[PDB]
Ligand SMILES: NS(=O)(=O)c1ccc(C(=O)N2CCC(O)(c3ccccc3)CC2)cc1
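Just one chain is shown here, as structure tokens, and it is the form solved without this ligand.
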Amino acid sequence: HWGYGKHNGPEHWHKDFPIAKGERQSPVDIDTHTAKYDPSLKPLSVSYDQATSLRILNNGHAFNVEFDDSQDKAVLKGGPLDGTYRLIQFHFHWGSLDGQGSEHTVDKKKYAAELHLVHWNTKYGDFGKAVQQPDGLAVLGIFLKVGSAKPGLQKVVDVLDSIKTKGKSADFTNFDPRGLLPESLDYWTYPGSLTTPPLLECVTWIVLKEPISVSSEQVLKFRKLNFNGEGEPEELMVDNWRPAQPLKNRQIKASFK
């Protein structure tokens, strides 16, 4: 029964998931004045030309857009990674107000929201096996600021009314995640964790430096979702972000000078 409230939010998660106080927790603050440029880092390869979305789902904590990951179709490679990671889903974290919502922060700056594109290492065969490995997942994180609309987001925005409450899902085919990417693939990278329970330390994080812009109208539609199920007291799905966790014995490495 974890969530984002007073009584079940991030500060409580350690009770059911003790790794919440582990050595490689996410998100973190990205200090741009101490992250070092790493010339050994490679350009990120994002190959989403054959990505096939299936469906969108409200899970009571965010919504997930899902992909058919049965074929080698939508993959992330290069960057800091060895081998090939397959896209399984994306989701967002966002705020009640534009001044908060991101999980990672940049010199303590909070963005209005953050997109996570989740990929599993094909060497482990499926997602469930991958999350048991320190190099099992690669998550591409992209900041959202409020300004111009993102045309490529509008298809997601316009299905949310059909998945208002926890447990509702809808068919969601042919969505192109390339429409959610900024121009630059410059990134920061570090080893960390899932940012929701079970908080497993299985993620190579790749956080893009350039945010995308979405409109106030687009974010407002996110904020009309509900954490609760149909026929339960209404609690708006807002502030579904975990705050920055201690960096501990990690370095954040920059792909760019």
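Numbers follow the displayed sequence, beginning with 1.
We do not show the form deposited with this ligand bound, though everything after this point is about it.
inquiry  = Does this ligand, in the deposited complex, lie within 4.5 angstroms of each residue among 91, 118 and 193, using heavy atoms as the measure?
reply    = Every residue of the candidate spot has a heavy atom within 4.5 Å of this ligand in the deposited complex.
ask   = Is residue 188 close enough to this ligand in the deposited complex to count, meaning some heavy atom within 4.5 Å?
value = Residue 188: no contact with this ligand in the deposited complex.
This ligand contact at residue 128 in the deposited complex, heavy atom, 4.5 Å = Residue-level check for residue 128: yes, a contact with this ligand.
Heavy atom of residue 139 within 4.5 Å of this ligand in the deposited complex = Residue 139: contacts this ligand in the deposited complex.
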